[PDB]
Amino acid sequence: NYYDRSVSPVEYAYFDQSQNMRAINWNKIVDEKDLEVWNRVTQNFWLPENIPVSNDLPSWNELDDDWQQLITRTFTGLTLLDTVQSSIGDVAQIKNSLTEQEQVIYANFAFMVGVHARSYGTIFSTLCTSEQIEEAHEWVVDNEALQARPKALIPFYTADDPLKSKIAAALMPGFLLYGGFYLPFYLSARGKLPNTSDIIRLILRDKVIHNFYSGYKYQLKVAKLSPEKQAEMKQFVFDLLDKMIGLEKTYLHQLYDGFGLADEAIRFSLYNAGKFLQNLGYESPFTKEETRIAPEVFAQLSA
């Protein structure tokens, strides 16, 4: 068959030029799961302009300067993480794909995480002053605890280990932003910024698929490895997650300093750390007490 004696262009470009290139074949596909994911993420296309964030103005005006600062800072920090994933992380997955369709799906992911980053700008334009916006950018650049998180993960994207790169690509949508996502749901549970929470739910509708898919592809690759190499990768995952949780806790304590929200946000974050691990085929070590989310906040998350 033509497929078994040719390579996809990205394999030609970065791995092996010994055989000629094949065009993508969407009429005969290797993995049915790729078509399912492709259809879902493309049919879920959205842009921030179609949520009426202006209707949040009354409840925004109920919040003082400190709360408004917290929200702008929180969201600008999430914007940084999306900028990392759109511009580096998801595109780095393309060349390490198992299938042709997967290469196209990661292109979609990079674009949609771009749209996620863009959506915070829409919220800021609708609600924040230009000085609130600028202050939050200054704060993000100068917050070492914030910066430590992407600085720890970026090297996996730029190094030559596809499995470690894949783990980072799952960890970003699966875990790293949930500490910040706590804030809008905490607020909307109390009748504040309901339209902003609709944008957050559109973002999560994508991110849950991004985490699942990267975890799915990770599991396919690692299952081929020897038991010793499988154990080595598991050890790497739990060690990296442990480090990222340490960094996330430090950052969230700084972010929410004065508001009391950090310990709840950390539990919300750890619930998702467990989900991240589950999507890689591992068991969550975290207790029900460690991952406890208030019913009113969980209702916002799961709507």
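Just count from 1 along the sequence shown to find any residue number.
Visitor: Comparing average C-alpha B factors as deposited, tell me which of 13-21 and 280-288 sits higher.
Guide: Taking the mean C-alpha B-factor of 13-21 and of 280-288, the larger value falls to 280-288.
Visitor: Which of the two stretches, 75-83 or 217-225, shows the higher mean Cα temperature factor in the record?
Guide: Per the PDB entry, the higher value belongs to 217-225.
Visitor: Among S54, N27, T42, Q69, which carries the highest Cα B-factor?
Guide: Checking the PDB record, the top C-alpha B-factor among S54, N27, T42, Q69 is at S54.
Visitor: Looking at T122, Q132, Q230, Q93, which one carries the largest C-alpha B-factor according to the PDB entry?
Guide: Highest CA B-factor of the listed options: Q230.
Visitor: Can you work out whether the C-alpha temperature factor of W38 puts it in the lowest, middle or highest third of the chain?
Guide: Lowest third, going by the recorded CA B-factors of the chain.
Visitor: Quick one: classify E102 as lowest, middle or highest third of the chain based on its Cα B-factor.
Guide: It belongs to the lowest third of the chain when residues are ordered by C-alpha B-factor.
Visitor: By the record's CA B-factor, is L163 among the lowest, middle or highest third of residues in the chain?
Guide: Ranked within chain, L163 CA B lands in the highest tercile.
Visitor: Place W60 in the lowest, middle or highest third of its chain's C-alpha B-factors, as listed in the PDB entry.
Guide: Ranked within chain, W60 CA B lands in the lowest tercile.
Visitor: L204's Cα B-factor: lowest, middle or highest third of the chain?
Guide: For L204, the deposited C-alpha B-factor lands in the lowest third.
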